[PDB]
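Secondary and tertiary structure notes
What follows is the residue order along each chain.
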Amino acid sequence: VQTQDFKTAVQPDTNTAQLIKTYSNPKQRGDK
């Protein structure tokens, strides 16, 4: 899972979110 370019109030790059993204959306690019 790729990290986002920068953090946002609505979308923080939390470890829990990245763990959920493994099965929810593993193909997200992360390029804003």
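Residues numbered from 1 in each chain as written, not as in the entry; some residues may be left out. Part of a larger assembly, values for the part shown. Heavy atoms only, no water.

Method information in the entry identifies cryo-EM as the source of the structure, with 4.8 Å recorded as the resolution.

Across its full length, the protein holds one helix and zero strands. If you line up the protein on its principal axes, its C-alpha atoms span 20 × 15 × 10 Å. (Helix = DSSP H or I, 4+ residues; strand = E, 2+ residues; numbered from the N terminus.)

Moving on: the environment of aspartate 31. Residue position: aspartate 31 is located in the segment after α1 (15-24). For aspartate 31, a relative accessible area of 62% translates into the label exposed. Placed 27 residues apart in sequence, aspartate 31 and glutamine 4 show a C-alpha to C-alpha distance of 6.1 Å. (Buried < 20%, exposed > 50% of the residue type's maximum accessible area, 1.4 Å probe, protein only.)

This paragraph deals with the side chain of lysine 21. Structurally, the position occupied by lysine 21 is in helix α1. When sequence neighbours within four positions are dropped, the list of residues in contact with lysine 21 reads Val1, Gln4, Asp13, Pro26 and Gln28. (Contact = heavy atoms within 4.5 Å.)

The topology assignment puts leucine 19 in helix α1. For the pair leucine 19 and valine 1, spaced 18 residues apart in sequence, the C-alpha to C-alpha distance is 8.6 Å.

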